[PDB]
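To begin, one chain is listed below as structure tokens, in the form solved without the ligand.
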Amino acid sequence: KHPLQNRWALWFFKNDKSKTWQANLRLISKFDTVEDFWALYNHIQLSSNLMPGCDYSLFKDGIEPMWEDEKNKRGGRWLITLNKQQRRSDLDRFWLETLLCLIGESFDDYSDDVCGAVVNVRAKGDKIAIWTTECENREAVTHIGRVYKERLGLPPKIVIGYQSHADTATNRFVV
């Protein structure tokens, strides 16, 4: 087993409006090796086969999948916007790519600024996002944005945005 730099937690949020968000939010399991990650990924439903309104997230061990968390409070997210027609082609490969960027610590020195990632499966269009700790850190947010977009292999004409959680609750940067 090949150890990861960090221990990660995979969360699932169920769309069931006959239950509270607490009851619909589930911590599936945690892992700190490549082998344990792959074992987990291959025993859970692909993002593309989730029922509408359902979410996955991966956060560093100790960070709650909530913007009100101390590590997310003053942070934000790089948002990837996928249309209906992209789900079969892009959603799973982009979500897998995102998870590998997290566990692989692919953002060099600014990897510590990474809190986690979220995928939203919605009828109107899906979303992936990488969550960072501080939206004030311009070098960190900009470096993460550039590396992430390159790793997804998105062209220039697809402009991705970074929004602070403060603004979302109520684009600071683009690449």
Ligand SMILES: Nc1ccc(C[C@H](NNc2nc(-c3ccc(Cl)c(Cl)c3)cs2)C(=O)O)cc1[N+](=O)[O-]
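Residues that one form lacks are left out of the comparison. All residue numbers are counted from 1 along the displayed sequence. Take the two forms, superpose them, and find the largest set of C-alpha atoms that agree within 1.5 Å; that set is the rigid core.
What comes next is about the form solved in complex with the ligand, which is not displayed.
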Taking the pose of the ligand in the entry with it bound and superimposing the surrounding C-alphas onto this chain, would you call the site open or blocked (blocked if 3 or more ligand atoms come within 2.4 Å of backbone or C-beta atoms)?
-> blocked
Okay, which stretch from 24-32, 146-154, 133-141, 105-113 lines the ligand in the entry with it bound, with non-hydrogen atoms inside 4.5 Å?
-> 24-32
Quick one: which residues from 1-22 get a non-hydrogen atom within 4.5 Å of the ligand in the entry with it bound?
-> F12, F13, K14
Core-aligned C-alpha movement of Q163 between this form and the one not shown reaching 2 Å = no
In sequence order, the stretches of at least 3 consecutive residues present in both forms and shifting by 2 Å or more at each Cα after core superposition between this form and the one not shown are 15-24, 45-47
